[PDB]
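Close look at the chain arrangement
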Amino acid sequence: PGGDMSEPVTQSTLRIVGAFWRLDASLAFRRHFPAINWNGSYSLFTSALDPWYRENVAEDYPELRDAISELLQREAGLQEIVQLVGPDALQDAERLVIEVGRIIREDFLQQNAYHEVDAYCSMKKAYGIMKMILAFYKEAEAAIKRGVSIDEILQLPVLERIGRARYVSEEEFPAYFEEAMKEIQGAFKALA
Amino acid sequence: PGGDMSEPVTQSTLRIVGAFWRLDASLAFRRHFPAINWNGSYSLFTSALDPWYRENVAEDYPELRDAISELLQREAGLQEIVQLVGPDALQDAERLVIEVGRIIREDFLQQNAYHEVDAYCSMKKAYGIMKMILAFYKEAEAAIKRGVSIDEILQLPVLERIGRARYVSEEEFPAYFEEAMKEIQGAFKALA
Amino acid sequence: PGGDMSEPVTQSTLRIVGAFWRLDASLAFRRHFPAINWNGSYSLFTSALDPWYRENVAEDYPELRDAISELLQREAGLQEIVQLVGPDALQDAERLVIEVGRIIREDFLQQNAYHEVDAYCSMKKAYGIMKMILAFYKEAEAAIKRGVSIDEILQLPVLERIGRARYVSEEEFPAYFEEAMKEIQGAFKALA
Amino acid sequence: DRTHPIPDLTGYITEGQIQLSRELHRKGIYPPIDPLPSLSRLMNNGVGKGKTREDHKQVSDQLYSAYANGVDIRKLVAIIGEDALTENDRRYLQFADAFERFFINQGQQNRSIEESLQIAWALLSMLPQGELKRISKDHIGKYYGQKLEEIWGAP
Amino acid sequence: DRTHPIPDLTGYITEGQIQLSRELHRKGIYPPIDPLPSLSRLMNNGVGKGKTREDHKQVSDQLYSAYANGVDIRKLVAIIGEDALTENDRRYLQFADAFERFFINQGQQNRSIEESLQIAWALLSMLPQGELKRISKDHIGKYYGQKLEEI
Amino acid sequence: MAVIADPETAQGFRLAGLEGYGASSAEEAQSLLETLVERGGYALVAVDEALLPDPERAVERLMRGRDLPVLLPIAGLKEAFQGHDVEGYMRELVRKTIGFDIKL
Amino acid sequence: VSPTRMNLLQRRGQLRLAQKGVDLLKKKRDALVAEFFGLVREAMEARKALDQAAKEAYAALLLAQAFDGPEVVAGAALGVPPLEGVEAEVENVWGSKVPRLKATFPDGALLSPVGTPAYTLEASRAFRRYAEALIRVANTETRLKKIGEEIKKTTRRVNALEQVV
């Protein structure tokens, strides 16, 4: 009652459960419908589950998951200056970090429970989306270091391709993933 | 026992009485008497006595006391900002509200039970004091809207008459009140 | 239990003892030992022992102790101000008293029980250390009045002589004390 | 105190609450119901099409957001003055004052749901069109535009 | 809560304790041992000369004092900002950052006592000689001046 | 009113009726600025950028509580006919005032 | 403080007041930084104008240095009356008072020496335009400095409230 974590029931529960999935009303107020806060949540099963992931999903899935978590943390660390001056006044690298965090939030973490396709998702689809996002991030960082303007990078249709990925049917996903990876490779430096 | 109003006897008597006069320890320490916490006090007999007040004191007495209560409420609301940033950071209108609240506290609510004259005040005397205070407030607000700074208003001579009005005897009050009203009109009319 | 001084045992003890040596967890965390809270402690025998101090330690020992205590009180009072706005936003005298408070609490109050020499300290050694600290304070005040900056005073080499005073053995202490006094009185004269 | 056992359990069992405000009561407003801390848990299931009118929920939440913003601007103008406020801040300030004067301070009147919705739309009309982010364009076209001098709480 | 009866009563019996920190854990540091609340009462019996290394105790004391200085500088920065810091305060702040990055964070390495002392001396190299009041002048110069980070 | 720069342009400032003062060194310009502020703060003081990058920094202690004698740097004649980092100066000013780099 | 129920309620009220004050101060800082962003662009434009005026004035000055001898311009500068009494009115900016320089007249351009060659005359007007742009630049820079100090103070207060009280 009141949503306080210091209640004895909550403290007794947190001493024996393996995972805690913290829901937020604030996230639901922002139309982030899954509404699960990743800053307050945690899980103690990842280390023991890594061997299964390395065989049933992919060989580098834990590395991709760790990189995505690190990117989210870096986004969370920059939320003060973006509140002070606004996103348009940041440097190129920080603005790219903010944009990549927005892409993650709106395309991977977010999920529609009433959609006929997005309601369910396999591990391989999540792995593919993470791979695509990380590849785009690397390409964009290289382009930024080369001297490309950030706003020009924001206009690439590869973002439109990536955003639609979670609505692709489970049967047709691998072909879409291959085409999108080819497009990511063929963007940026392939056309300057 | 400890001054804690959560004590059972105070709560039991709080649900039965028709009027509540809570006493403040801060005012008692400051030697400001009767030392009644205006925020924590109330009365349920206000509406029932309105016809008597209209017939025996004045036709607009309830409106005057409602205006005084609204001024006190606005001052209480502004005191939070005053404590946050200090009284000098406010604008001129808010400064005027604070000063009028202070004048109401010092010249109308305060009463000396030991003074020969101040120990008892009739309804008409209080009505006259309230009318003087409200007229001064209206004049000061109009003057501030004309560009007169708050410091000149606080130095006006009529403040001494307003402060001293409580010590005038009952039979001397009717002429003193008219003189004070005319002086209040003249001081603001002539200056600007 | 829990460092709570409102415990019944502590309260019943404090009603009969003549001294109160209060240990602080915060001081022990910083490895400041003996970790005696000089703000919460007291003693009722200090006024009755003054004749013995005058006869056996020095004629002006009580005045020196009172000056040290007053300086420590002043720096404790300025601590709350400095922790909010920063040392640079303070006057030169305030910075000097903060620095001399640091010197007092890191070179006089602190004592190492596991050190071979610092474990035991006689009254003469403490008197000499206090004399050195107060002489440095007076000279620094004079120099600051002459216009010398605070940092130039802080970077003087005699502060190192004062800092190592408590590690000097009892036998060699008087010579070290005389040489340190000469260096203190000669450093600022050259600094002008 | 809302941590007292009685209100705590009552909230723990019932659905929502209606909160009275002492500030509104002392400012001469009756009934002194403060909309910001109030909440109805089953409201969404009793309003809409065939129940009240099709624009009930959006009007309600737009009123909530606008009132909160107006209260914030009212706090800010005390320190920064009315010159530093933009035009929108002045509009929100006027809206908050009119809301407290007309929507809440209804006295002993018996208002139909249609009358309340009409007064709500009249109050919303003071804000610039396009600030109503929570209302669809069809409802704005159908209802936005009227003034307080035709329908209001002091007729 | 360190004031809870269980840890409070346990502390009165045992010789010291090793306390973990949630901030270090959330910053991805393992093992997340917070050195300031931690303590060991029998340490002075086991360290010295003829065992471990002679400079062990003084190095530990200097590390504690420097880390406390860094922590209070961190507290000060969160109010006024980094750009107002004195050069010495900035040096202490970066010392605290390097300490948390390299000394506390190990992973699964089985670091020996000599390696740990080498890392500690490298960290103390970041501070100006003469600020190391806890260390005797003999050990300084013998071990002082190591390269910043061999890692 | 008062200007500190190279002695050549000080002639032009005197020609304009301003109190042009000649200087050719950073320390010399600092000494002249100290002399000007010490003998009265009434005059506005334009210092040259090359001689003094931050004119208020050099006399910051003497300028405690001073409002009227405003100090600002100016490029100078030799740098006038060359590319001037107006963006760099603004970025440095913003960094000093707000403690951030937000030039995008 | 004395542990009692009334004290607990008072502390909870104090906590609510502190949170509301933090929010209000953050809104004030938002308004201040908007004004600061406006003033930055204004200052940049003023600096560019001053740079252009400096270029033209120096070009005018150097031309007369070779066509006419330096002694001519030296005598002209010796003959011109000096500038004095520049207006120094004060201005209110978010409570704090900031000086505002106002070059009312370069002595009104009322007096000139007897020796006025063509090259020398144009140089002086260039320096007058130089000065009347420099005063604007100085005023704008003072305004930005004041707004920046206010922003820093507000940020410091917000941090103190969020991390100490």
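Residues numbered from 1 in each chain as written, not as in the entry; some residues may be left out. Chains lettered and ligands numbered in written order. Part of a larger assembly, values for the part shown. Heavy atoms only, no water.

- As recorded in the entry header, the structure was determined using cryo-EM to a resolution of 3.0 Å.

- You'll find chain F entered in the PDB entry as V-type ATP synthase subunit F, with Thermus thermophilus HB8 given as the organism.
- Listed as the entry title in the PDB record is "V1EG domain of V/A-ATPase from Thermus thermophilus at low ATP concentration, state1-2".
- Reading the Function entry of the UniProt record for chain F gives the comment "Produces ATP from ADP in the presence of a proton gradient across the membrane."
- The heading Sequence similarities in the UniProt record of chain F holds the text "Belongs to the V-ATPase F subunit family." (UniProt positions renumbered as here; feature names shortened; annotations may be inferred.)

- Per the PDB entry, chain D goes by the name V-type ATP synthase beta chain and belongs to Thermus thermophilus HB8.

1. Regarding the arrangement of the chains
- Ranked by contact count, the leading pair among the 13 pairs of chains in contact consists of chains F and G.
- As for chain C relative to chain A, no contact occurs, and the smallest C-alpha gap between them is 19 Å.
- What separates chain B from chain F at the closest point of their C-alpha atoms is a distance of 21 Å, and the two make no contact. (Contact = heavy atoms within 4.5 Å.)

2. Topic: the interface of chain F and chain G
- Contacts between the two partners involve 36 residues from chain F, matched on the other side by 46 residues from chain G.
- With both chains or domains summed, chain F and chain G bury close to 3,500 Å², and 72% of this area falls on carbon and sulfur atoms.
- Its largest share of buried area at the contact with chain G, chain F owes to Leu15, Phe81 and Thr97 of chain F, together 18% of the area lost on that side.
- In this assembly, chain F and chain G are joined by one salt bridge.
- The salt bridge involving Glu56 of chain F is made with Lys145 of chain G; its shortest N-O contact spans 3.8 Å.
- Viewed at the interface, chain G and chain F are joined by nine residue pairs in polar contact.
- Where the side of chain F that touches chain G is concerned, the elements lending two or more residues are α1 (7–15), β4 (71–74), α4 (77–80) and α5 (86–98) of chain F.
- Here the element with the most residues in the side of chain F that touches chain G is α5 of chain F; it accounts for nine residues.
- Here the residues of the side of chain F that touches chain G sort into 23 nonpolar, seven polar and six charged. (Buried area = accessible area lost by both parts, 1.4 Å probe. Salt bridge = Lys/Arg side-chain N within 4 Å of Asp/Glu carboxyl O. Polar contact = N/O pair within 3.5 Å; in protein donor to acceptor, adjacent residues only side chain to side chain. Helix = DSSP H or I, 4+ residues; strand = E, 2+ residues; numbered from the N terminus. Nonpolar A, V, L, I, M, F, W, Y, C, P; charged D, E, K, R; others polar.)

3. Observations concerning the pairing of strand β1 (residues 87–93) of chain G
- Pairing geometry for β1 of chain G and strand β2 (residues 96–102) of chain G, over seven bridges, is antiparallel. Bridge pairing in β2 of chain G links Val93 of chain G to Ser96 of chain G. (Pairing = 2+ DSSP bridges.)

4. As for the interface of chain D and chain B
- The partner chain B presents 14 residues to the 11 residues of chain D that form the contact.
- Interface of chain D and chain B: buried area, both sides summed, is about 870 Å²; carbon and sulfur atoms make up 51% of it.
- When the buried surface of chain D facing chain B is broken down by residue, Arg26, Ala78 and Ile79 of chain D rank first, second and third, together holding 66% of it.
- Counting across the interface, chain D meets chain B through zero salt bridges.
- Taken together, the connections running from chain D to chain B amount to five residue pairs in polar contact.

5. Details of the pattern of salt bridges
- Across all of its chains, the model carries 62 salt bridges over all chains by this definition.
- Across the salt bridge formed by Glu63 of chain B and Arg54 of chain B, the nearest N and O atoms sit 3.7 Å from each other.
- Take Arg54 of chain B: its relative accessible area is 31%, and that puts it in the partly exposed class.
- In this structure, a network of salt bridges that share partners links the residues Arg95, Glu99, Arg102, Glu106, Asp107 and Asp151 of chain C together with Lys133 of chain E. (Buried < 20%, exposed > 50% of the residue type's maximum accessible area, 1.4 Å probe, protein only.)

6. Regarding the environment of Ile153 of chain B
Residues and elements named next belong to chain B.
- In this structure, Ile153 sits in helix α7 (residues 150–154).
- For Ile153, a relative accessible area of 5% corresponds to the buried category.
- Residues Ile153 and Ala140 lie 13 residues apart in sequence; the distance between their C-alpha atoms is 6.9 Å.
- Excluding its chain neighbours within four sequence positions, the residues that come into contact with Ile153 are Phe136, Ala140, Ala143, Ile144, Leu159 and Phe188.

7. Here's the deal with the side chain of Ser96 of chain G
- Within the fold, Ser96 of chain G resides in strand β2.
- The residues contacting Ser96 of chain G, other than those within four sequence positions of it, are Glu91 and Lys146 of chain G.

8. Structural notes on the packing of α1 of chain F against helix α2 (residues 70–79) of chain G
- Across the interface, α1 of chain F lies against α2 of chain G with an axial gap of 8 Å and an inter-helix angle of 40 degrees. One way to sum up the angle between α1 of chain F and α2 of chain G is to call them oblique. Between α1 of chain F and α2 of chain G the crossing geometry is left-handed. Where α1 of chain F approaches α2 of chain G, its residues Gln11, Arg14 and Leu15 of chain F are matched on the opposing element by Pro70, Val73, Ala74, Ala76 and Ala77 of chain G. (Axes fitted to C-alpha atoms, helices over the stretch in contact; angles between N-to-C directions. Parallel < 35°, antiparallel > 145°, perpendicular 65-115°, else oblique. Left-handed = near helix turned anticlockwise from the far one by under 90°.)

9. With respect to the packing of aromatic side chains
- Evaluation of the coordinates by the stated rule reveals 29 aromatic pairs over all chains.
- Aromatic pair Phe173 of chain B and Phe177 of chain B: ring centres 6.3 Å apart, planes at 5 degrees, arrangement stacked. Linking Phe173 of chain B with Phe177 of chain B, this pair stays in helix α9 (residues 173–191), spanning four residues, or about one helical turn.
- Residue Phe177 of chain B is classed as buried on the basis of its relative accessible area, which comes to 14%.
- Where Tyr58 of chain G meets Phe127 of chain G, the ring centres are 6.4 Å apart and the plane angle is 85 degrees; that geometry is what we call edge-to-face. Here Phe127 of chain G lies in helix α3 (residues 118–163) and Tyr58 of chain G lies in helix α1 (residues 5–67), a separation of 69 residues in the sequence.
- Pairwise contacts between aromatic rings join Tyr67, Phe95, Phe99 and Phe103 of chain D into one cluster.
- The ring of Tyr176 of chain A carries the charged tip of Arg161 of chain A above its face, separated from the ring centre by 4.5 Å. (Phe/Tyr/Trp six-rings, centres within 6.5 Å; stacked < 30°, edge-to-face > 60°. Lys NZ or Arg CZ within 6 Å of the ring centre and 35° of its normal.)

10. Concerning the sheet that holds strand β3 (residues 45–48) of chain F
- The sheet built from four strands is open, its strands ordered β2-β1-β3-β4 (chain F) with parallel pairing. Two strands close off the open sheet at either side, each with one partner strand: β2 (19–22) and β4 of chain F. This sheet shows a mean twist of 20 degrees between the axes of neighbouring strands, independent of strand direction.
- By the bridge criterion, four bridges tie β3 of chain F to β4 of chain F in an arrangement that is parallel. Across the sheet, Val45 of chain F pairs through a bridge with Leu71 of chain F, a residue of β4 of chain F.
- The sheet contacts of α1 of chain F involve β1 (2–5) and β2 of chain F, and relative to β2 of chain F the element is tilted by about 170 degrees.
- Against the sheet, α3 of chain G contacts β3 and β4 of chain F, and its axis sits at roughly 125 degrees relative to β4 of chain F.

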